[PDB]
Structures are given as structure tokens and as C-alpha cells.
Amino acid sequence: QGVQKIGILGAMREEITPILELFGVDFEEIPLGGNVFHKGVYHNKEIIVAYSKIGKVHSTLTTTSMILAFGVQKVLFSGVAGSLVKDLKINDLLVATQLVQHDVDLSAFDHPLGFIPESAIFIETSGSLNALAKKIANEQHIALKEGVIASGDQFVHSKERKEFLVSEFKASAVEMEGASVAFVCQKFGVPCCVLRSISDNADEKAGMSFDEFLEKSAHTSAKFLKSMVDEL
């Protein structure tokens, strides 16, 4: 019966700018492990917001810090992603049902791609939180897609790599942090939800699309994340 502590994560500063703005509360800035954590109070909940910096190691570190140093009981991720599928268009919102580290390769020992011993290819997120996301989206008449998100330490900008992600993992979107965030949460038994809004199509024009749409797509995701926190 303490105050609920909720971790809110993006990868880049641009993904958390709209989060901080939308909550509209005063935040205390707390430096730790190369991150700045923004700690505020919102409707009987303590919210801790940070951007991890890009990629798997950064996001793993920051999620672990949120859990161990700030005692968060849930983690919600908001940011942008590349679309791997024709029906996911720029600005569309996706909730990740499972995530994979698409760049993991222990095939020299006959392991399937994505697999590491003492783990699994696919990492699950919270069914209760994903159900909440879907409930809210239906009530607000927001198209919310669901699917597998692939995460790796490369910005994907080729037809060939996109097609690999679809064929190998049946992934719908690609990014560089979701799987590591969801993985850390699974290891600590912390409920996790990963939201992404599409910024690009992970093809040869992805860099230019990303730079154009980062702000808008980040805001779309942030607004939805806030609507979830309103129901926690």
C-alpha cells in the first residue's frame, strides 16, 4: 500500500521530451550511471522518466537502474520504430507482444538465431498491460496494432535486412532497445509494456524518414503512454 512507482523509458532525448511535457508536473533531476532520471508525482503515482541513450547496452543499463535504484514496479517504454510490414505506416502505433534480439548469432553451436542459452528467442511483455493498451485504444478509436518487435544494435535501412527480420522472426517493427528493456523486466519480474510509433520503413530512405518524423512519432507514442498511466 505504498505509492505506485512507474518507470517510463525512451531511448533518445527526443522520445522523452513529449513525455515530460505531457505529464506537466515538476520533476527532480537525479543523475546516476550516465543517465538523468526525472522523478515526479502524478495522481498517487511516482513517475521516473529517463532516456537510456541508443541501443541494447544503454537500454539494459538504464532499465536495471530504474528497477534497482528507483524501485519501479512497472516499466512502460515509449518511442519510435521502423516498420517491417505494409500495414504499419508512418505514425501508426504498435504494442509489442513479444520481442527478439535479432542480431544474436550462436549458430556455430546449432542454436537458432536470436537464442542464447539460459534464455529464449522471444521475450514476453505484460499481458495485463497489453490488455489495458488494447482496451484504451478501442475506447479512444485509436488504431493500435500488435506484434513482434525485433531489436538489435544496427539501424536497419535495407530491403535485405527487413526481409530477414520478417522471415526469421515474423517481426512487424524494428528498433534498438525494446527487447533489452523487456528482457531486464522479465529477469526482475517487473511488468513491462513496449509502445512504438512508426518513424520510417527500415529501407534505403529510412534515415531521412526518421529525421523527418521523429518528433511527431515520438509525440504519438508519448500521448498513448500517458493515457495508459492515467488508468494505472
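Residue positions are given as counts along the sequence shown, with the first one as 1.
Enquirer: Tell me which of 204-212 and 9-17 has the higher mean C-alpha B-factor in the deposited entry.
Expert: Going by the record's values, the stretch with the higher mean is 204-212.
Enquirer: Select between 44-52 and 23-31 the stretch whose C-alpha atoms have the higher average B-factor in the entry.
Expert: Higher mean C-alpha B-factor: 23-31.
Enquirer: What third of the chain, by the recorded C-alpha B-factor, contains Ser126?
Expert: Lowest third, going by the recorded CA B-factors of the chain.
Enquirer: Would you please rank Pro112 by its C-alpha temperature factor against the other modelled residues of its chain and give the third it falls in: lowest, middle or highest?
Expert: For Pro112, the deposited C-alpha B-factor lands in the middle third.
Enquirer: Of the three thirds of its chain by CA temperature factor, lowest, middle or highest, which one includes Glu160?
Expert: For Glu160, the deposited C-alpha B-factor lands in the highest third.
Enquirer: Of the three thirds of its chain by CA temperature factor, lowest, middle or highest, which one includes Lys187?
Expert: As the PDB entry reports it, the C-alpha B-factor of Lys187 lands in the middle third of its chain.
Enquirer: Lowest, middle or highest third: where is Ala69 by Cα B-factor in its chain?
Expert: Highest third - that is where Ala69 ends up once the chain's C-alpha B-factors are sorted.
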